[PDB]
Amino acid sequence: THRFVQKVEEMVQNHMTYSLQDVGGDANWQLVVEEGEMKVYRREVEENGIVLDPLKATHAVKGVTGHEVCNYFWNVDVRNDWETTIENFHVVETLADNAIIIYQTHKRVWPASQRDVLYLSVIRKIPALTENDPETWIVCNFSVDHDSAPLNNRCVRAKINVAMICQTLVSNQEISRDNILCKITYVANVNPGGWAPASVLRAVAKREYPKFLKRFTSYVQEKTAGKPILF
């Protein structure tokens, strides 16, 4: 239906195969920040002296569904209500009702050059693998090449592979939001795309990933409160 259908299936299946695994028991992941049910881990990885540090976080959010969380994370029309590190944003291409290509710039992290990013953003429902298992809602944001890439001489091009992966547990009567819990696994593999001082990048990640997870999940709770549930 569009030229990236195969690529999207590969990227989504890779996350379903590899990104949901538990890391509580895994000494290969460093637990860097914990705030209640939010647990943020990383691995320290550098390629040619540039930090790549894979980031993986888990969180458990009361009173929202995975379909709601993924809709709010994917919908560009609400981005400004929760994002705090974006300078500019442009939708470059619409591929399908659930897949777009975006260009964005991030606020500069001194003393490195400002970064920009050009990525496909897709939202998918993955049916339960065995009938005992939960369904999954996933948003995957991953870098792609495009000709309508902006000339932006202030920016170095980063590359990203990010997924927000959600599974929803629920306890003639509707289910209340009191009885719904969204289990999130968030993974971010960011390649800065050129020089940056490692200690600064690592301090920024350790502050900004928890700040994002807290602000974004709180935002979804706030916007859904008192509205009918979208499962």
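What we label the rigid core is the largest C-alpha set whose atoms superpose within 1.5 Å from one form to the other. In case it trips you up, residue 1 is the first one in the sequence shown, and so on.
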* To do: Going by root mean square C-alpha distance after a core fit, say whether 150-158 or 81-89 is farther from the shown form in 8 other deposited structures of this protein.
  => 150-158
* To do: Taking the root mean square of C-alpha distances over all structures and residues in 8 other deposited structures of this protein, with a rigid core superposition, name the larger of 192-200 and 179-187.
  => 192-200
* Determine if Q173 is unmodelled in a third or more of the other PDB entries compared for this protein. => yes
* Deposited residues absent from the coordinates between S171 and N172, none, 1 to 3, 4 to 9, or 10 or more? -> 4 to 9
* Structure fact -> The stretch carrying the higher mean Cα B factor in the deposited entry, 89-97 or 122-130, is 122-130
* 13-21 versus 210-218 - greater average Cα B-factor per the deposited record -> 13-21
* To do: For the C-alpha B-factor as written in the entry, point me to the maximum among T65, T185, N179, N189.
  => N179
* **C-alpha B-factor winner, where the candidates are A205, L52, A27, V61** => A27
* Structure fact -> Here the Cα B-factor of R79, set against its chain, lands in the third termed highest
* To do: Could you look up the Cα B-factor of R115 in the entry and say which third of the chain it sits in: lowest, middle or highest?
  => lowest
* Structure fact -> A149: C-alpha B-factor third of its chain, per the entry, is the highest
* According to the PDB entry, is the CA B factor of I175 in the bottom, middle or top third of its chain, that is, lowest, middle or highest? -> highest
